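First up is the structure itself, then whatever we jot down about it.
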Ligand SMILES: CCN1CCN(Cc2ccc(-c3cc4c(N[C@H](C)c5ccccc5)ncnc4[nH]3)cc2)CC1
């Protein structure tokens, strides 16, 4: 096993001004902010995850696990850790994805989202996931709520709160492979099952899977052979790919490298694959001292 030589960067609380809350409640609090690294003459828009004040050693072991995972990943379709702040309670600091998570974004823009975008998202999330697979990570929680939007054309997987290495042994029912609900087996192929669901969230513009059906029923339904319905905008070509991510025999499901390929072919002729009313005509941030703003993606460390 190759040694993990990622750099964990500790950041001074004076290097960054918080600027607004974005998401209170549950777990903790997520902020928009700006980060001015040491003496460098850049300002980097960031999100800051400072778990709900109470410092129970429990949740500390959990956020540092994320930190560990997020600091070890490096790919355009995966959200990177910029560093941590050891304040009183550990802050996670990461590139701001200003448009929020892809669930909310499709929910809120159904009338404006073309086939080109939906298939590109699919291609990009597959690349993300394929990258994790290369680094032997199993995400264990892929869902449209965990994909963030940097621009409507550029999404990245986030939330590594349950990532683990393959082999390692160390709850979202509706996105989980059957072997996982039955036996807590979890493989790159159980991730692919959740890709399946994630894709289905996007083609239904934000629907909740098995809306109604309560979690206890789920593994039964699935054993009976039921899956999610073909969404209205989906050609059978697209829906057949979802279906395959949902095959009982886990090795029977597609590999992420195959998904990249298939959606990518599809994205070359989007209207052949997704049928959306109005498709041909669809089209898709503060202070004055913005002279020195640089996106994290353009801020590299030796
Ligand atoms: C109708 C849409 N509505 C208004 C606009 N947004 C508000 C919003 C904007 C950005 C974010 C956001 C969260 C986030 C984020 N969160 C993850 C969990 C994170 C992980 C480690 C460290 C910090 C954050 N990471 C990076 N960029 C981010 N941006 C969340 C909500 C969505 C809801």
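List of remarks:
- Modelled FRET efficiency - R0 45 Å, residue 111 with residue 2, Cβ distances, 0.05 increments: 0.40
- Label zone of residue 87 (point 7 Å out along Cα→Cβ, amide N under 17 Å): in segment 30-46 this covers 30-37, 44-46.
- Per-peptide packing, taken as the mean over residues of other Cβ atoms within 10 Å, places 129-135, 296-302 in the sequence 129-135, 296-302 from highest down.
- When the P(r) is computed for segment 1-64, the part past 18 Å accounts for 52% of the Cα-Cα pairs.
- Highest average packing first - 210-218, 254-262, Cβ atoms within 10 Å: 254-262, 210-218
- Spin-label pair residue 268/residue 215, simplified geometry with 7 Å Cα→Cβ offset, distance in nm: 4.3
- Coordinate range along principal axes, alpha carbons of segment 215-265, Å, largest first: 37, 28, 15
- Label-point separation in nm, residue 286 to residue 10, each point 7 Å along Cα→Cβ: 2.9
- Euclidean distance of C-alpha centroids, segment 115-150 and segment 208-245, integer Å: 19
- Quotient of the Cα radius of gyration of the chain and 2.2 N^0.38 Å, N being its number of residues: 1.03.
- Gain on full stretching of the segment that runs from residue 154 to residue 24 - 0.36 nm per residue minus C-alpha separation: 44.3 nm
- Mean Cα-pair separation over length for segment 49-123, i.e. relative contact order, pairs under 8 Å, 6 or more apart, %: 25
- Taken along the Cα-to-beta-carbon direction at a fixed 7 Å, the label points for residue 168 and residue 208 span 3.2 nm.
- Across all directions, the average flat footprint of the convex hull enclosing the Cα atoms of segment 160-207 is 3.8 nm².
- The peptide list 29-41, 113-125, put in order of mean Cβ contacts within 10 Å with the highest first, becomes 113-125, 29-41.
- Length-normalised contact order of segment 1-96 in % [C-alpha pairs under 8 Å, at least 6 apart]: 28
- Sorting 246, 193 by the number of Cβ atoms found within 10 Å of their own Cβ, with the fewest placed first, yields 246, 193.
Cβ atoms come from the backbone with ideal geometry, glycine included; neighbour counts cover every protein chain shown. Each value in this text was obtained by applying a stated rule to the coordinates, not by laboratory testing.
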